[PDB]
């Protein structure tokens, strides 16, 4: 049909943005069926197209809880020490969630290692994980997984699930980044910059060196941040609770 809603239709495929949607449009594709039959699909895009309807639905908060518990039980089997916290919109207290954001670390600071591969393998044997989207094994000590899960039982939709494993020393910043919101994180890091500091999912750093155009030319030194409250303090900010961060 008309160009704008067709671009919108294509854009709602995971792995496809405006550039891809516009390219498809030039090709003369107008429907999801057209994409399915004729378009050159990325593995991820093919998965997004297959779960198009489900991925458009936001799940009830209660379902996100079950998903996080499903992940938690599997991890704990490996080690009872593991701490799993659902982040994102769920931690911010939303009634519905676009996806489930599960963070995992271990208090001793060592046992978090070796878990990521096993946990995923465990979740696959269970039939929980249905498709894998992207894997990041190079984020320093943080491992990230993006995939598709589905709770057992009838009438269950496929849900987007992200699993991140971090060291206990980076727990606070990883928790901070991953609960958001996106605009909230954007503002905190913007502020940190003004103060000659930097904030990432890994750590908060002071004495960061920047140039005339404000381009970072040297890292500072990592400041020990055991809790979220410590990060707020070192930036001269009043602590906000997750619900207070839903910007």
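Positions refer to the first chain, counted from 1. Take the two forms, find the largest set of C-alpha atoms that superpose within 1.5 Å, and that set is the rigid core.
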(message) Between 129-137 and 101-109, which one shows the bigger average Cα displacement from this form in 4 other deposited structures of this protein once the rigid core is aligned?
(response) 129-137
(request) Between 165-173 and 141-149, pick out the one whose C-alpha positions differ more from the shown form in 4 other deposited structures of this protein, using the rigid core for superposition. (result) 141-149
(request) Would you determine, from the values in the PDB entry, which of 18-26 and 231-239 has the greater average C-alpha temperature factor? (result) 231-239
(message) Per the record, averaged over C-alpha atoms, which has the higher B-factor: 217-225 or 37-45?
(response) 217-225
(message) If I read the C-alpha B-factors straight from the PDB entry, which of 70, 185, 200, 212 is highest?
(response) 212
(request) Please rank the C-alpha B-factors of the chain's modelled residues and tell me whether residue 58 sits in the lowest, middle or highest third. (result) middle
(message) Ranking the modelled residues of this chain by C-alpha B-factor as given in the entry, is residue 108 in the lowest, middle or highest third?
(response) highest
(message) Where does the C-alpha B-factor of residue 148 rank in its chain, lowest, middle or highest third?
(response) lowest
(message) Can you tell me whether residue 174 has a C-alpha B-factor in the lowest, middle or highest third compared with the other modelled residues of the same chain?
(response) middle
(request) Comparing against every modelled residue in the chain, figure out the third that the C-alpha B-factor of residue 93 lands in (lowest, middle or highest). (result) middle
